[PDB]
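Residue numbers (the entry's author numbering): 1 to 113.
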């Protein structure tokens, strides 16, 4: 009927959306409200302006290993950011839970260019 083709059962395939555009990493630890705050915050923001991206989380020593296709890195003061051009940043004020509002504006300003 066409030399093996067209599946009636089901085309259970796996899409590769591990790119989109940019990929960021978050390094802190486990879950102490701080992590859930950033993830949710960065997610809501990324979607607020419809910015397709993939947010990944990692420990203090994982971003380097998973640094295959990361466009931005977020470490809580640990890395040196002096190797190559790893676009990482420290959310010191973001963790404060008070300086996020003001900082957020700054992040978006540069994020848009």
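C-beta: ideal position from N, C-alpha, C; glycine also.
With respect to the alpha helix (DSSP H) encompassing residue 62, which residues constitute its N-terminal and C-terminal limits?
Start at 1 with the first residue of the chain shown, and residue 62 comes out as number 62. Neither: residue 62 is in no alpha helix (DSSP H) and is coded neither H nor E.
Use the C-beta contact count for residue 27: other C-beta atoms within 10 angstroms, 16 or more gives buried, fewer gives exposed.
As a first step, residue 27 is located in the chain shown; it is residue number 27 there, counting from the start. Buried, since its Cβ has 16 or more Cβ neighbours within 10 Å.
DSSP has residue 57 in a bridge; who is on the other side?
Here residue 57 corresponds to residue number 57 of the chain shown, with the count starting at 1. Paired residue(s): 26.
Tell me the DSSP secondary structure of residue 76 in three-state form.
Here residue 76 refers to the residue found at position 76 when the chain shown is read from its first residue. In this structure, residue 76 counts as coil in the three-state DSSP scheme.
Grab me the residues of residue 52's own chain with a C-beta within less than 6 angstroms of its C-beta, minus the 5 sequence neighbours each way, in chain order.
Position 52 of the chain shown, counted from the first residue, corresponds to residue 52. Excluding sequence neighbours, residue 52 sits near 20 and 21.
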